[PDB]
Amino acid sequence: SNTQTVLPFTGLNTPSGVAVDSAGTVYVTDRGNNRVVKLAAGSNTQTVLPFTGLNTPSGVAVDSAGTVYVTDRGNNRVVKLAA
């Protein structure tokens, strides 16, 4: 027998991509809501990252400085946001 854990993100619609940084913060592209949300390790409350003008964001990555990169699928671009 095994255990899987549902992360306490809220109000997701068609989540499309996930990244995890060195601190254990989890970042998710909430595709159907045109937004990117995150949850700190231990934290109970998701925060919405201040990207703008997203259309169907499809993927997310985070580098060693905590910069977050997102593929903005509907706008044919990749956007990044410093920590």
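A residue's number is simply how far along the shown sequence it sits, counting from 1.
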- Query: Is the mean CA B factor in the deposited entry higher across 50-58 or across 22-30?
  - Reply: 50-58
- Query: Which third, lowest, middle or highest, does the CA B-factor of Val68 fall in along this chain?
  - Reply: lowest
- Message: Taking only the Cα B-factors deposited for this chain, tell me whether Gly74 sits in the lowest, middle or highest third.
- Response: highest
- Item | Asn2 by Cα B-factor - lowest, middle or highest third of the modelled chain | highest
